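Asks: Please read through the structure below; I'll follow up with questions.
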Protein chains: 2
Amino acid sequence: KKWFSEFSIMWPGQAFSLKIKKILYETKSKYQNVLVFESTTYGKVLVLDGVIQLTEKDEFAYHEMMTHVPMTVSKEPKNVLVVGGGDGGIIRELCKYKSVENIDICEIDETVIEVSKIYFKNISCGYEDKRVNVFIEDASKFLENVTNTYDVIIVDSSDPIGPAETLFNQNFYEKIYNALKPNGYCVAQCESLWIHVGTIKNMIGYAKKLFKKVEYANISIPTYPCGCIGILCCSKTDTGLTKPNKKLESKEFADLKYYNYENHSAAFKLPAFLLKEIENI
Amino acid sequence: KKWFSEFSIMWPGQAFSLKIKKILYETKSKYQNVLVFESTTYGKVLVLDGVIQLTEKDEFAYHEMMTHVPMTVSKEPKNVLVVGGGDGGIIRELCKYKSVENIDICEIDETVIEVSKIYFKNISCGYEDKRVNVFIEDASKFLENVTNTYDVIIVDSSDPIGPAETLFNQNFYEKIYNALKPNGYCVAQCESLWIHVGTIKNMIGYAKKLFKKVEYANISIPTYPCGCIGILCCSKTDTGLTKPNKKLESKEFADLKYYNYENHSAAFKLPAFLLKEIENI
Ligand SMILES: CSC[C@H]1O[C@@H](n2cnc3c(N)ncnc32)[C@H](O)[C@@H]1O
Ligand SMILES: CSC[C@H]1O[C@@H](n2cnc3c(N)ncnc32)[C@H](O)[C@@H]1O
Ligand SMILES: NCCCN[C@H]1CC[C@H](N)CC1
Ligand SMILES: NCCCN[C@H]1CC[C@H](N)CC1
């Protein structure tokens, strides 16, 4: 069997590999190279431009933490936007909240949605919910144009190389601020603390120009490089996102596999060297 | 440049690679294959039997968490044992406590010590401290023979394939229990929660046959497989190891890079699926 290897100028000198059971699908979409393969030990794997987006084995860690952190802090979230997230894992976690009335997703690449609906049925199931509305367009444009404001925006983008290159700058954060309710929250996937701390500092400084309270949390996920990934956390009130306002007790949450009330606050307890780098921003 | 790749029957289907700047030393010792190379981005790297033991870039995360968790909980630790740990990183963190009167290390492979003294001088500096006494022998035998009891034992072993195969069974845990003071603590490196949960359950069940309080904590370290590693935590009193009894304020601790008073308790907040697997042991 051959191995897939994740190599990138974004983390030089290191690489993670998974063994391939079977390649399932490859295409060059309008935006990205798309690869779906069944791995031998992590189930199916989605790859965009040679970078792992998810595997069936660990995706719940990332989709649960990114969704339930801001959604247990928002008191009565009615309108949620997902930026990127074509695979549908965030939407899947959002549909669990009976209270939500509308879930918009702006995903630039409809191939990713259609690929997820075919090959990742337990991730893309949320697309069946009549509350979900899909916009195929660059979130950088959508956020300039949208009329509605949201209670929560979840930026589930791929990396800065490729069509996500527009989601990693000061302008983008102003657009997010303006599209949120006066008490609304944004979480965004953010750089592994083991890799470019300079990037984390840059993003934090972007968010801090607008938001009252900017926190960084860390998630353990093994198929992202360095085995972890950050959440950049943006709040308009001084109270921030470290402390949930509700517990997930109803039947729709029974099945959760990573996220719980205590993990929520714990994700925000960072390594000493990280606190020192981001103390004077 | 060539790449070093970490492949193992202990985590099939996956592999982590580092690019090689220069190989520095290789030998077949009495026990293991030993490889020291300077990587392009993680500094020098120590490899035993094809498995990464440390790199200069991230070793502090593991050596700080394994040492300072039990050493901030022990009230006045006077005698500490390190099992394995030939590289000296634990001893380096131990020497920081002025109070400690004696530090014994039982390392089966003296080549690892001598290699660390030559090629890893900022890790092996602790060997110069007149409080440190080295025993070259299998810890499985040493723990049967030692007369002293310790306030803290830190099991810093390599993996179950190779000479560490004796440190992963019920007998080993009884030896640890007997070598500890009535209020003494043991921490042991323990399986990544992303890989063999069955192993974690087995080890927990071993420790629980003897110890009042058996906790599992997780450390983020990118050059261990799946980017994290557990600490099996064994206490003879019901109070356990999640809560430090002291803060590290004196000048010897100024330089700490991962471990702080809040990270300590946070390491013990685990993923939902892990708590569910280890609730009925
Ligand atoms: C797989 S989840 C990440 C998704 O982010 C999507 N994405 C990347 N860049 C953008 C963008 N500028 N706007 C909307 N979605 C994006 C990618 O096409 C991918 O499907
Ligand atoms: C590099 S730190 C881990 C150390 O554990 C040491 N080690 C492995 N098995 C044993 C054992 N049975 N007793 C003492 N040390 C051990 C290895 O030789 C290695 O240097
Ligand atoms: N919805 C899963 C996609 C997650 N987005 C990113 C994939 C690329 C990774 N290096 C970081 C997160
Ligand atoms: N003192 C550093 C050695 C750490 N012991 C182990 C090395 C092998 C890893 N897979 C797990 C920890």
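In the structure tokens, chains take the letters A, B, ... in the order shown, each chain's residues start at 1, and ligands count up from 1 in the order shown.
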Within region 76-240 of chain B, find each residue whose DSSP state, derived from the backbone, is helix (DSSP H, G or I), and express the selection as JSON, numbers by chain.
Replies: {"B": [89, 90, 91, 92, 93, 94, 110, 111, 112, 113, 114, 115, 116, 117, 118, 119, 125, 126, 127, 128, 139, 140, 141, 142, 143, 144, 145, 163, 164, 165, 166, 167, 170, 171, 172, 173, 174, 175, 176, 177, 178, 197, 198, 199, 200, 201, 202, 203, 204, 205, 206, 207, 208, 225, 226, 227]}
Asks: Restrict the distance test to only C-alpha atoms, flag each residue of chain B within 6 Å of chain A, and return the flagged residues as an MDAnalysis selection string.
Replies: chainID B and resid 13:19 40:41 222 226:227 257:258 263 266 269 271:273
Asks: For N, CA, C and O atoms, I'd like the residues from the last selection saved as a PDB file, in the first residue's frame.
Replies:
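This went into selection_2.pdb:
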```pdb
ATOM      1  N   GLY B  13      -0.278   2.372  10.545  1.00  0.00           N
ATOM      2  CA  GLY B  13      -1.048   3.196   9.669  1.00  0.00           C
ATOM      3  C   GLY B  13      -0.704   4.658   9.718  1.00  0.00           C
ATOM      4  O   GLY B  13      -1.323   5.439   9.007  1.00  0.00           O
ATOM      5  N   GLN B  14       0.235   5.054  10.583  1.00  0.00           N
ATOM      6  CA  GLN B  14       0.542   6.475  10.686  1.00  0.00           C
ATOM      7  C   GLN B  14       2.054   6.676  10.831  1.00  0.00           C
ATOM      8  O   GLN B  14       2.722   5.821  11.292  1.00  0.00           O
ATOM      9  N   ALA B  15       2.606   7.819  10.490  1.00  0.00           N
ATOM     10  CA  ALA B  15       4.032   8.020  10.803  1.00  0.00           C
ATOM     11  C   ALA B  15       4.356   9.495  10.832  1.00  0.00           C
ATOM     12  O   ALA B  15       3.739  10.258  10.108  1.00  0.00           O
ATOM     13  N   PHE B  16       5.283   9.918  11.693  1.00  0.00           N
ATOM     14  CA  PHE B  16       5.731  11.316  11.773  1.00  0.00           C
ATOM     15  C   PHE B  16       7.174  11.352  11.215  1.00  0.00           C
ATOM     16  O   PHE B  16       7.964  10.448  11.500  1.00  0.00           O
ATOM     17  N   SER B  17       7.525  12.376  10.458  1.00  0.00           N
ATOM     18  CA  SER B  17       8.897  12.476   9.926  1.00  0.00           C
ATOM     19  C   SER B  17       9.516  13.784  10.220  1.00  0.00           C
ATOM     20  O   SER B  17       8.833  14.782  10.222  1.00  0.00           O
ATOM     21  N   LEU B  18      10.833  13.788  10.432  1.00  0.00           N
ATOM     22  CA  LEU B  18      11.594  15.022  10.549  1.00  0.00           C
ATOM     23  C   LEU B  18      12.718  15.054   9.554  1.00  0.00           C
ATOM     24  O   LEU B  18      13.412  14.020   9.356  1.00  0.00           O
ATOM     25  N   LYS B  19      12.981  16.240   9.006  1.00  0.00           N
ATOM     26  CA  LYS B  19      14.055  16.348   8.043  1.00  0.00           C
ATOM     27  C   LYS B  19      15.392  16.338   8.803  1.00  0.00           C
ATOM     28  O   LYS B  19      15.521  16.914   9.898  1.00  0.00           O
ATOM     29  N   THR B  40      16.359  19.561  10.958  1.00  0.00           N
ATOM     30  CA  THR B  40      16.364  20.954  10.429  1.00  0.00           C
ATOM     31  C   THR B  40      15.540  21.908  11.276  1.00  0.00           C
ATOM     32  O   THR B  40      15.862  23.066  11.382  1.00  0.00           O
ATOM     33  N   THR B  41      14.496  21.433  11.946  1.00  0.00           N
ATOM     34  CA  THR B  41      13.653  22.423  12.637  1.00  0.00           C
ATOM     35  C   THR B  41      13.366  22.146  14.099  1.00  0.00           C
ATOM     36  O   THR B  41      12.868  23.010  14.774  1.00  0.00           O
ATOM     37  N   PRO B 222       4.533  17.542  20.345  1.00  0.00           N
ATOM     38  CA  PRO B 222       4.240  17.230  18.957  1.00  0.00           C
ATOM     39  C   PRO B 222       5.056  16.080  18.367  1.00  0.00           C
ATOM     40  O   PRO B 222       4.592  15.431  17.419  1.00  0.00           O
ATOM     41  N   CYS B 226       0.747  11.025  17.605  1.00  0.00           N
ATOM     42  CA  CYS B 226      -0.542  11.618  17.871  1.00  0.00           C
ATOM     43  C   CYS B 226      -0.409  12.946  18.608  1.00  0.00           C
ATOM     44  O   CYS B 226      -1.433  13.530  18.910  1.00  0.00           O
ATOM     45  N   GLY B 227       0.835  13.442  18.885  1.00  0.00           N
ATOM     46  CA  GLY B 227       1.048  14.817  19.380  1.00  0.00           C
ATOM     47  C   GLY B 227       0.682  14.958  20.831  1.00  0.00           C
ATOM     48  O   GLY B 227       0.585  16.028  21.339  1.00  0.00           O
ATOM     49  N   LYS B 257       9.026  26.762  30.774  1.00  0.00           N
ATOM     50  CA  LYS B 257       8.433  27.010  29.486  1.00  0.00           C
ATOM     51  C   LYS B 257       7.078  26.358  29.184  1.00  0.00           C
ATOM     52  O   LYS B 257       6.483  26.696  28.220  1.00  0.00           O
ATOM     53  N   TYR B 258       6.608  25.420  29.969  1.00  0.00           N
ATOM     54  CA  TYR B 258       5.296  24.849  29.767  1.00  0.00           C
ATOM     55  C   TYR B 258       4.483  24.824  31.049  1.00  0.00           C
ATOM     56  O   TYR B 258       3.353  25.220  31.047  1.00  0.00           O
ATOM     57  N   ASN B 263      -2.061  25.110  34.352  1.00  0.00           N
ATOM     58  CA  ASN B 263      -1.861  23.990  33.381  1.00  0.00           C
ATOM     59  C   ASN B 263      -1.877  22.707  34.113  1.00  0.00           C
ATOM     60  O   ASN B 263      -2.344  21.645  33.618  1.00  0.00           O
ATOM     61  N   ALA B 266      -5.412  21.685  34.629  1.00  0.00           N
ATOM     62  CA  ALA B 266      -6.089  21.568  33.302  1.00  0.00           C
ATOM     63  C   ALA B 266      -5.776  20.272  32.549  1.00  0.00           C
ATOM     64  O   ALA B 266      -6.675  19.688  31.831  1.00  0.00           O
ATOM     65  N   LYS B 269      -8.238  17.505  32.703  1.00  0.00           N
ATOM     66  CA  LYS B 269      -9.615  17.623  32.080  1.00  0.00           C
ATOM     67  C   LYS B 269      -9.610  16.919  30.717  1.00  0.00           C
ATOM     68  O   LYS B 269      -9.078  17.447  29.774  1.00  0.00           O
ATOM     69  N   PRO B 271     -10.991  14.404  27.302  1.00  0.00           N
ATOM     70  CA  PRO B 271     -12.103  14.224  26.315  1.00  0.00           C
ATOM     71  C   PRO B 271     -13.195  13.305  26.789  1.00  0.00           C
ATOM     72  O   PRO B 271     -12.891  12.273  27.480  1.00  0.00           O
ATOM     73  N   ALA B 272     -14.437  13.580  26.421  1.00  0.00           N
ATOM     74  CA  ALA B 272     -15.576  12.765  26.824  1.00  0.00           C
ATOM     75  C   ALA B 272     -15.432  11.289  26.560  1.00  0.00           C
ATOM     76  O   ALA B 272     -15.786  10.493  27.381  1.00  0.00           O
ATOM     77  N   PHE B 273     -14.933  10.920  25.404  1.00  0.00           N
ATOM     78  CA  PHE B 273     -14.903   9.521  25.073  1.00  0.00           C
ATOM     79  C   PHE B 273     -13.919   8.727  26.018  1.00  0.00           C
ATOM     80  O   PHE B 273     -14.184   7.551  26.352  1.00  0.00           O
TER      81      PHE B 273
END
```
Asks: Could you pull out the residues sitting within 9 Å of ligand 2, using only C-alpha atoms and all ligand atoms, and write them as an mmCIF file with N, CA and C atoms, in the first residue's frame?
Replies:
```cif
data_model
loop_
_atom_site.group_PDB
_atom_site.id
_atom_site.type_symbol
_atom_site.label_atom_id
_atom_site.label_comp_id
_atom_site.auth_asym_id
_atom_site.auth_seq_id
_atom_site.Cartn_x
_atom_site.Cartn_y
_atom_site.Cartn_z
ATOM 1 N N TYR B 31 21.422 -2.737 24.579
ATOM 2 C CA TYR B 31 19.958 -2.861 24.665
ATOM 3 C C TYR B 31 19.173 -2.377 23.483
ATOM 4 N N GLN B 32 19.676 -1.391 22.752
ATOM 5 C CA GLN B 32 18.808 -0.665 21.832
ATOM 6 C C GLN B 32 19.660 -0.136 20.725
ATOM 7 N N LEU B 46 16.968 12.585 19.782
ATOM 8 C CA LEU B 46 17.414 11.290 20.253
ATOM 9 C C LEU B 46 16.367 10.241 19.919
ATOM 10 N N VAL B 47 16.831 9.156 19.307
ATOM 11 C CA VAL B 47 16.026 8.063 18.801
ATOM 12 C C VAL B 47 16.531 6.767 19.402
ATOM 13 N N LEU B 48 15.613 6.000 19.983
ATOM 14 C CA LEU B 48 15.962 4.677 20.466
ATOM 15 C C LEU B 48 15.055 3.643 19.796
ATOM 16 N N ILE B 52 11.229 8.209 18.586
ATOM 17 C CA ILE B 52 11.728 9.474 19.038
ATOM 18 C C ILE B 52 11.603 9.560 20.539
ATOM 19 N N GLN B 53 12.721 9.851 21.224
ATOM 20 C CA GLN B 53 12.680 10.023 22.701
ATOM 21 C C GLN B 53 12.563 11.515 23.044
ATOM 22 N N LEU B 54 13.261 12.372 22.329
ATOM 23 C CA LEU B 54 13.154 13.763 22.630
ATOM 24 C C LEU B 54 13.703 14.491 21.465
ATOM 25 N N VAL B 82 14.155 8.578 39.657
ATOM 26 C CA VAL B 82 13.784 8.535 38.230
ATOM 27 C C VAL B 82 14.044 7.128 37.670
ATOM 28 N N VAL B 83 13.014 6.511 37.093
ATOM 29 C CA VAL B 83 13.134 5.225 36.393
ATOM 30 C C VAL B 83 13.299 5.552 34.884
ATOM 31 N N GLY B 84 14.346 4.985 34.250
ATOM 32 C CA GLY B 84 14.612 5.320 32.851
ATOM 33 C C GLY B 84 15.203 6.705 32.875
ATOM 34 N N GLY B 85 14.802 7.546 31.953
ATOM 35 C CA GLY B 85 15.271 8.974 31.966
ATOM 36 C C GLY B 85 16.751 9.277 31.762
ATOM 37 N N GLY B 86 17.463 8.340 31.102
ATOM 38 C CA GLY B 86 18.913 8.485 30.860
ATOM 39 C C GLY B 86 19.312 9.816 30.310
ATOM 40 N N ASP B 87 18.439 10.469 29.520
ATOM 41 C CA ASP B 87 18.829 11.741 28.932
ATOM 42 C C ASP B 87 19.057 12.822 29.975
ATOM 43 N N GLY B 88 18.460 12.660 31.152
ATOM 44 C CA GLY B 88 18.627 13.611 32.271
ATOM 45 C C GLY B 88 17.606 14.770 32.365
ATOM 46 N N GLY B 89 16.637 14.817 31.447
ATOM 47 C CA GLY B 89 15.694 15.975 31.456
ATOM 48 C C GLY B 89 14.897 16.038 32.753
ATOM 49 N N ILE B 105 18.764 7.816 40.005
ATOM 50 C CA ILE B 105 18.219 7.418 38.725
ATOM 51 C C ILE B 105 18.675 5.991 38.416
ATOM 52 N N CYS B 106 17.715 5.161 38.052
ATOM 53 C CA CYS B 106 17.973 3.856 37.571
ATOM 54 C C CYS B 106 17.689 3.753 36.063
ATOM 55 N N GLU B 107 18.781 3.740 35.273
ATOM 56 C CA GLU B 107 18.699 3.733 33.817
ATOM 57 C C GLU B 107 19.450 2.479 33.351
ATOM 58 N N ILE B 108 18.798 1.690 32.513
ATOM 59 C CA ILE B 108 19.351 0.322 32.235
ATOM 60 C C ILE B 108 20.531 0.467 31.250
ATOM 61 N N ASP B 109 20.510 1.531 30.471
ATOM 62 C CA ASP B 109 21.440 1.665 29.314
ATOM 63 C C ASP B 109 22.438 2.839 29.482
ATOM 64 N N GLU B 110 23.692 2.582 29.926
ATOM 65 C CA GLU B 110 24.567 3.692 30.248
ATOM 66 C C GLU B 110 24.970 4.464 28.984
ATOM 67 N N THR B 111 24.882 3.809 27.828
ATOM 68 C CA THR B 111 25.113 4.513 26.549
ATOM 69 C C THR B 111 24.214 5.730 26.420
ATOM 70 N N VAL B 112 22.955 5.612 26.889
ATOM 71 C CA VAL B 112 22.006 6.746 26.748
ATOM 72 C C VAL B 112 22.522 7.901 27.607
ATOM 73 N N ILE B 113 22.938 7.625 28.860
ATOM 74 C CA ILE B 113 23.505 8.690 29.693
ATOM 75 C C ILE B 113 24.728 9.351 29.003
ATOM 76 N N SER B 116 23.835 11.371 26.069
ATOM 77 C CA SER B 116 23.221 12.642 26.476
ATOM 78 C C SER B 116 24.255 13.643 26.996
ATOM 79 N N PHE B 135 22.435 4.552 38.867
ATOM 80 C CA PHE B 135 22.457 3.093 38.960
ATOM 81 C C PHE B 135 22.182 2.624 37.564
ATOM 82 N N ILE B 136 23.134 1.881 37.003
ATOM 83 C CA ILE B 136 22.954 1.255 35.713
ATOM 84 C C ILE B 136 22.413 -0.133 35.927
ATOM 85 N N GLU B 137 21.114 -0.259 35.823
ATOM 86 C CA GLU B 137 20.453 -1.544 35.924
ATOM 87 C C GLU B 137 18.970 -1.479 35.541
ATOM 88 N N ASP B 138 18.374 -2.636 35.334
ATOM 89 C CA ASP B 138 17.004 -2.738 34.940
ATOM 90 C C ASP B 138 16.185 -2.242 36.167
ATOM 91 N N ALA B 139 15.286 -1.264 35.974
ATOM 92 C CA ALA B 139 14.490 -0.777 37.106
ATOM 93 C C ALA B 139 13.624 -1.875 37.737
ATOM 94 N N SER B 140 13.288 -2.886 36.942
ATOM 95 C CA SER B 140 12.507 -3.975 37.461
ATOM 96 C C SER B 140 13.273 -4.698 38.609
ATOM 97 N N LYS B 141 14.591 -4.913 38.434
ATOM 98 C CA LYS B 141 15.481 -5.423 39.487
ATOM 99 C C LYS B 141 15.773 -4.379 40.594
ATOM 100 N N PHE B 142 16.200 -3.162 40.241
ATOM 101 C CA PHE B 142 16.472 -2.120 41.204
ATOM 102 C C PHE B 142 15.310 -1.975 42.217
ATOM 103 N N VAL B 155 8.439 7.536 36.476
ATOM 104 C CA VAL B 155 8.743 6.489 35.521
ATOM 105 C C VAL B 155 8.828 7.149 34.117
ATOM 106 N N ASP B 156 10.035 7.471 33.701
ATOM 107 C CA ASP B 156 10.293 8.043 32.413
ATOM 108 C C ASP B 156 10.908 6.963 31.534
ATOM 109 N N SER B 157 10.093 5.980 31.174
ATOM 110 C CA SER B 157 10.537 4.852 30.352
ATOM 111 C C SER B 157 10.330 5.148 28.849
ATOM 112 N N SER B 158 11.150 4.515 28.025
ATOM 113 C CA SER B 158 10.827 4.275 26.612
ATOM 114 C C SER B 158 9.572 3.300 26.507
ATOM 115 N N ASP B 159 9.168 2.961 25.279
ATOM 116 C CA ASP B 159 7.948 2.151 25.030
ATOM 117 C C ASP B 159 8.053 0.639 25.334
ATOM 118 N N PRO B 160 6.894 -0.079 25.340
ATOM 119 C CA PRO B 160 6.933 -1.500 25.757
ATOM 120 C C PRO B 160 7.726 -2.439 24.882
ATOM 121 N N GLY B 162 11.130 -3.466 23.680
ATOM 122 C CA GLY B 162 12.521 -3.251 24.021
ATOM 123 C C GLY B 162 12.759 -3.407 25.530
ATOM 124 N N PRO B 163 13.781 -2.719 26.084
ATOM 125 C CA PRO B 163 14.058 -3.119 27.510
ATOM 126 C C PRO B 163 12.983 -2.577 28.456
ATOM 127 N N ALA B 164 12.128 -1.679 28.012
ATOM 128 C CA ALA B 164 11.050 -1.197 28.890
ATOM 129 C C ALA B 164 9.891 -2.165 29.023
ATOM 130 N N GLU B 165 10.014 -3.331 28.391
ATOM 131 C CA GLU B 165 8.882 -4.286 28.369
ATOM 132 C C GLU B 165 8.486 -4.740 29.782
ATOM 133 N N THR B 166 9.456 -4.748 30.695
ATOM 134 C CA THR B 166 9.223 -5.045 32.107
ATOM 135 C C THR B 166 8.542 -3.927 32.932
ATOM 136 N N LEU B 167 8.308 -2.734 32.401
ATOM 137 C CA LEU B 167 7.778 -1.674 33.266
ATOM 138 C C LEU B 167 6.224 -1.452 33.094
#
```
Asks: Quick one: residues within 8 Å of residue 216 (chain B), only C-alpha atoms counted, chain neighbours fewer than 5 positions away excluded, as a ChimeraX atom specification?
Replies: /B:230-233,268
Asks: Can you list, as JSON, numbers by chain, every protein, DNA or RNA residue that comes within 9 Å of residue 174 (chain B) when you count only C-alpha atoms, leaving out same-chain residues fewer than 5 positions away?
Replies: {"B": [179, 206, 207, 209, 210]}
Asks: Let me see the file: selected residues, C-alpha atoms, as a PDB file, in the first residue's frame.
Replies:
```
ATOM      1  CA  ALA B 179       9.201   1.788  47.174  1.00  0.00           C
ATOM      2  CA  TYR B 206      -3.056  -2.096  37.531  1.00  0.00           C
ATOM      3  CA  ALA B 207      -2.526   1.072  39.508  1.00  0.00           C
ATOM      4  CA  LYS B 209      -5.313  -2.503  42.609  1.00  0.00           C
ATOM      5  CA  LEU B 210      -2.797  -0.682  44.942  1.00  0.00           C
TER       6      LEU B 210
END
```
Asks: At a cut-off of 9 Å, using only C-alpha atoms, what residues contact residue 69 (chain A)? Leave out same-chain residues fewer than 2 positions from it and give the result as a ChimeraX atom specification.
Replies: /A:64-67,71-73,187,241-244,259,264-265
Asks: Among region 116-255 of chain B, which ones does DSSP place in strand (DSSP E), written as number ranges by chain?
Replies: B: 132-136, 150-156, 180-190, 213-220, 228-235
Asks: Could you check the closest approach to residue 128 (chain A) for each of A:198, A:91, A:115, A:100 and tell me which residue wins, using only C-alpha atoms?
Replies: A:91
Asks: Quick check, in Å to one decimal: how far apart do CA of residue 38 (chain B) and CA of residue 120 (chain B) lie?
Replies: 10.8 Å
Asks: If I take CA of residue 77 (chain B) and CA of residue 151 (chain B), how far is one from the other in Å, to one decimal?
Replies: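 One can read the CA of residue 77 (chain B) to CA of residue 151 (chain B) distance as 5.4 Å.
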Asks: Would you compute the distance between CA of residue 63 (chain A) and atom 3 (C, counted along the ligand's line) of ligand 1? Give it in Å to one decimal.
Replies: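 A separation of 11.4 Å between them.
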Asks: Find the residues around residue 191 (chain B) up to 7 Å (only C-alpha atoms counted), leave out those fewer than 3 positions away in its own chain, and share them as a compact mmCIF listing (two decimals) with N, CA, C and O atoms, in the first residue's frame.
Replies:
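Listing of part.txt after writing:
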```txt
# COMPACT_ATOMS: atom_id res chain seq x y z
N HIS B 196 -3.97 3.66 21.97
CA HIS B 196 -4.53 2.38 22.51
C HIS B 196 -5.16 2.70 23.89
O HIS B 196 -4.46 2.70 24.95
N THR B 199 -4.88 -0.02 26.41
CA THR B 199 -3.67 0.07 27.23
C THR B 199 -3.80 1.00 28.44
O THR B 199 -3.38 0.62 29.56
N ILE B 200 -4.32 2.19 28.24
CA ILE B 200 -4.61 3.06 29.34
C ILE B 200 -5.52 2.36 30.40
O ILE B 200 -5.23 2.41 31.62
N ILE B 229 0.79 12.78 24.99
CA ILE B 229 1.14 11.64 25.81
C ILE B 229 0.51 11.76 27.22
O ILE B 229 0.45 12.86 27.79
N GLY B 230 0.11 10.63 27.79
CA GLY B 230 -0.50 10.66 29.09
C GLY B 230 0.51 10.49 30.25
O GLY B 230 1.65 9.94 30.08
```
Asks: Which residue, B:1, B:44, B:181, B:28, has the smallest gap to residue 80 (chain B) when you use only C-alpha atoms?
Replies: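 Comparing B:1, B:44, B:181, B:28 against residue 80 (chain B), the winner is B:181.
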Asks: Quick one: of B:188, B:133, B:26, B:76, who's nearest to ligand 4, counting only C-alpha atoms and all ligand atoms?
Replies: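 Ranked by minimum distance to ligand 4, first place goes to B:188.
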